[PDB]
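Let me begin by presenting the structure, written as structure tokens, before commenting on it.
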Amino acid sequence: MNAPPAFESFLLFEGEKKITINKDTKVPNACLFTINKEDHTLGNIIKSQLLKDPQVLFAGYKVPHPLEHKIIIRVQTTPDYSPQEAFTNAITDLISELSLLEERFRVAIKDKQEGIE
Amino acid sequence: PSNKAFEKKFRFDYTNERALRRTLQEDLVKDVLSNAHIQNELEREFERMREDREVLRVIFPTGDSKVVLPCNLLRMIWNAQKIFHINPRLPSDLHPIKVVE
Amino acid sequence: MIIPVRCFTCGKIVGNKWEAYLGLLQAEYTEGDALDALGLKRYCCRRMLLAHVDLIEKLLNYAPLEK
Amino acid sequence: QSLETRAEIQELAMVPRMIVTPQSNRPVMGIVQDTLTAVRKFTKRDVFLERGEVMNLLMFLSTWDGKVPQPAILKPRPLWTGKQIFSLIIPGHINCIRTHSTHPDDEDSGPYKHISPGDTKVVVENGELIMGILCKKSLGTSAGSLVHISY
Amino acid sequence: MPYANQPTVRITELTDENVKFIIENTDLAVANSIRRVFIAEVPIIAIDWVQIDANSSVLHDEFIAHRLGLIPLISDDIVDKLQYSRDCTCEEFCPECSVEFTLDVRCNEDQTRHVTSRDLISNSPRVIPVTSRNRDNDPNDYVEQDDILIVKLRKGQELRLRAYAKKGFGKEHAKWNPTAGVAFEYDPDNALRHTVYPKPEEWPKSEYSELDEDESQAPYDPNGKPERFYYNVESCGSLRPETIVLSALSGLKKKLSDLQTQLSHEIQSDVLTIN
Amino acid sequence: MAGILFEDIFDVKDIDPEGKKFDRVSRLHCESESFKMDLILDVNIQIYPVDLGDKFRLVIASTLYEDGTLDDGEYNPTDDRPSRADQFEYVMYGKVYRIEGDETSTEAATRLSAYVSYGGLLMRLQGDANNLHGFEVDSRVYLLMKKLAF
Ligand SMILES: [Zn+2]
Ligand SMILES: [Zn+2]
């Protein structure tokens, strides 16, 4: 029985960090984030929020292998703004749009629809 | 093919046709046009080429030019031209005897 | 061996629509209409039921459900 | 089972060294199946990429320089051609004309019909793909394929 | 940030099963990621442990266990207060992390008996029953309406088992899908040329493509970007459609805010000085 | 403003030669208003719908910022310097790979043909007084098309 237990696809291991940051050795103001146990769903959206920002020079992600749950996100910013703050803003802004989307959907449901419950 | 065609494409002329000879393509080589020794040594070079061409015709009677050999000299010349940024319209900077020896 | 709970391709539950179907065919020779009334729109859900073979019925007939 | 045989394997029989076979001095292995079809389709010069997709492809590449190339079309909006992104993939600066013999054109007399570039024939220079479309004759087990020259 | 648009919603249609809506002024990556949450991330309750007391039926045990896990379960009122199994302090199971089902049937009758979803009883209060036949003044009720024929039994066969349903989400197994299906569509007239039609006359027009009632077929615009995504989420029945959407967005918010806390954890623990 | 290597207004003779074509690229055949030059150029017809019968203004330069090198280019959106040939409607970046002209006899060097490659999209220009600006080395050429005149 050489198949892995299904929970392992998403459950974090006690000996691994959720996120890791490593500096690039090539070009300045680049950064490499490793996101463990998180697939395209989180990764694809964080790539897009970074592309939405006007001060990001480069943004991308790669899930190294299907069988190994892990993605990497590389980001490069202008020589003035730090890549960590851009990442912080990218989620926080994403949190803000989704909260507003949830609010607008719920109020939209609040329309005199009679099968809400 | 053609002995005349071979002679034209390979022979380094000395009579210099009025085509900026010696100062076209080559640079300071216009100064070594008066050399007797350089004329005889290249004339010796061309003499080997007619003899080689004669042996090579005996080796490959069928007339195929495709042989397996190492290096691929022509691709190397291209690697050489491309990196040093050699402009083929600009004048040369090379002495012929340096090449032969 | 009895129709599966939920169609393979997507998920729409489908075992519940089997007993209903044998009744409709007995009533009408309209396989098109039968599948339609049951609500099996898209054809993945439709192949499920349309292509099933209920082997269970012959299988139950052996006297020894006792071993 | 020892360092001694592991050393011997790493140096003699390791795969990357097994690329060009001494049977007929050509590549034993080249780009095959879907990727080979996908390369032809990608190199056609009607293929254009917008900033978002180029960055993702740059992202999947290993030995990428780190510098992002200037798009072959600056305005109205930045676009990189397919040849342009293929050209980051070519290592160092190898060179080869031809090595296509694709169906294309008019064998024996079309290239002499003045070279209306016709785009068919593939030309690479100083490690950058200048023109043409890549196929099995460029990329395959061919005597003069890009892969043979790279080795 | 100033460049966030904050989207827009419109509900076109709502039923006991479907929910059909339009999202506008947002990004595809948002639409695609949110479509993926509707499948995988929304949690629900389904049978997860089956203990077989007696099984004389003509179906083998693991087959009974399979059919039985896959049957749908209402969860709306209770899927929230329930905690995840692994997180729960208890050894094995408890009332606080799982709900118990019991099935007992025997064919004493001469006619073949069927084993159904109603015959399955919740030892837990009837807050979380099986989907079919409860407080059902339901026009969907037809003939047997057993929801699922777990098996058939001839005179003499019997079936006794226990089951423990647990909260989990679709990424882990398909029994936890909260959807019958998820339609997703954007840019119906193919303005943006994301697909390239060979002989465009050979293709039909969807119900969203009517805007070009004409047959001119696909006017081009290169200065455009993907906008106004059309959805139709359809309920498996185990969780009502709007609750699927609201729980999806919240779960996505929970997942994102958590990643922000770990990223904060990097700046607090092992001070962010590496880069 | 960038130092100008070449500048002229061209008129279009044809947009589809022989007819083999593709899609989302078109091969222009053109003729210069100075009638001493000829030109062939591939263009993205999908985003810049040109038509036969109208004279288009074209310029070529090797620089953008002031009058100096910049080919290091991570094109860099952040630059705000008005040095730019930004008022032009169509811009392409590329290198010159090949040049040709009679180069054998007396004088020779009669007129001239230049071959350029913009990322796989090809160009051919014929001339004579443009010999100072043609190469078979050196990247950094920008091809600007503008105004499409009146
Ligand atoms: Zn289905
Ligand atoms: Zn517990």
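A note on labels: chains of the structure tokens are A, B, ... as shown, every chain counts residues from 1, and ligands are counted from 1 in their shown order.
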At a cut-off of 6 Å, list the chain D residues touching chain F, using only C-alpha atoms, as number ranges by chain. D: 45-46, 68-70, 72-75, 83-84, 130-131
Chain E residues near chain C within 6 Å, closest pair each, using only C-alpha atoms, as JSON lines:
```
{"residue": "E:147", "atom": "CA", "partner": "C:16", "partner_atom": "CA", "distance": 4.3}
{"residue": "E:148", "atom": "CA", "partner": "C:16", "partner_atom": "CA", "distance": 4.9}
{"residue": "E:157", "atom": "CA", "partner": "C:65", "partner_atom": "CA", "distance": 5.9}
{"residue": "E:180", "atom": "CA", "partner": "C:12", "partner_atom": "CA", "distance": 4.5}
{"residue": "E:181", "atom": "CA", "partner": "C:10", "partner_atom": "CA", "distance": 5.9}
```
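Set the cut-off at 10 Å, count only C-alpha atoms, and the residues of chain B near chain D turn out to be residues 68, 75, 76, 78, 79, 82 and 83 of chain B.
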Excluding range 59-64 of chain B and any residue of its chain fewer than 6 positions from it, enumerate the residues within 12 Å of it, using only C-alpha atoms, and give them as a ChimeraX atom specification. /B:1,52-53
Might you pull out every residue within 12 Å of residue 34 in chain C, with only C-alpha atoms counted and same-chain residues fewer than 6 positions away left off, and present them as JSON, numbers by chain? {"C": [17, 18, 19, 20, 21, 22, 23, 24, 25, 26, 27, 28, 40, 41, 46, 49, 50]}
Residue hits in chain A, query chain D, radius 10 Å, only C-alpha atoms, as a tab-separated table (two decimals) with N, CA and C atoms, in the first residue's frame:
```tsv
chain	number	residue	atom	x	y	z
A	24	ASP	N	17.13	36.37	-3.37
A	24	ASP	CA	17.78	35.98	-4.62
A	24	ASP	C	19.27	36.35	-4.63
A	25	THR	N	20.07	35.50	-5.26
A	25	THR	CA	21.52	35.73	-5.35
A	25	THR	C	21.92	36.51	-6.61
A	26	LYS	N	20.97	36.68	-7.53
A	26	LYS	CA	21.25	37.30	-8.83
A	26	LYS	C	20.99	38.82	-8.85
A	27	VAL	N	19.72	39.19	-8.72
A	27	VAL	CA	19.29	40.58	-8.90
A	27	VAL	C	18.68	41.15	-7.61
A	28	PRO	N	18.86	42.46	-7.37
A	28	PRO	CA	18.40	43.11	-6.13
A	28	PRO	C	16.89	43.28	-6.07
A	30	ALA	N	14.57	41.35	-5.36
A	30	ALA	CA	13.82	40.17	-5.76
A	30	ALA	C	13.68	39.35	-4.49
A	47	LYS	N	-0.62	35.61	-7.20
A	47	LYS	CA	0.07	36.06	-8.41
A	47	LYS	C	-0.67	37.22	-9.11
A	48	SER	N	-1.99	37.12	-9.20
A	48	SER	CA	-2.79	38.18	-9.83
A	48	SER	C	-2.88	39.49	-9.07
A	51	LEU	N	0.34	41.19	-9.74
A	51	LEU	CA	0.33	41.79	-11.08
A	51	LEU	C	-0.53	43.05	-11.21
A	57	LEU	N	7.75	44.92	-10.48
A	57	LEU	CA	8.42	44.69	-11.76
A	57	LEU	C	8.21	43.28	-12.28
A	58	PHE	N	8.16	42.29	-11.38
A	58	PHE	CA	7.99	40.91	-11.82
A	58	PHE	C	7.20	40.13	-10.78
A	59	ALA	N	6.25	39.31	-11.23
A	59	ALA	CA	5.53	38.41	-10.31
A	59	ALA	C	5.15	37.06	-10.91
A	60	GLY	N	5.44	35.99	-10.19
A	60	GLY	CA	5.13	34.68	-10.68
A	60	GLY	C	5.19	33.60	-9.64
A	61	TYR	N	4.58	32.49	-9.97
A	61	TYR	CA	4.52	31.36	-9.10
A	61	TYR	C	4.69	30.08	-9.95
A	62	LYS	N	5.05	28.98	-9.32
A	62	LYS	CA	5.32	27.69	-9.96
A	62	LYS	C	5.02	26.59	-8.97
A	63	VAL	N	4.17	25.62	-9.25
A	63	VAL	CA	4.13	24.53	-8.28
A	63	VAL	C	5.12	23.44	-8.75
A	64	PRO	N	6.27	23.29	-8.07
A	64	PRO	CA	7.36	22.48	-8.62
A	64	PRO	C	6.98	21.08	-9.12
A	72	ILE	N	6.04	28.02	-5.09
A	72	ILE	CA	6.96	29.10	-4.82
A	72	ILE	C	6.44	30.37	-5.47
A	73	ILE	N	6.62	31.51	-4.82
A	73	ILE	CA	6.20	32.75	-5.42
A	73	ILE	C	7.41	33.68	-5.48
A	74	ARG	N	7.82	34.06	-6.68
A	74	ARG	CA	8.92	35.00	-6.80
A	74	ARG	C	8.36	36.35	-7.21
```
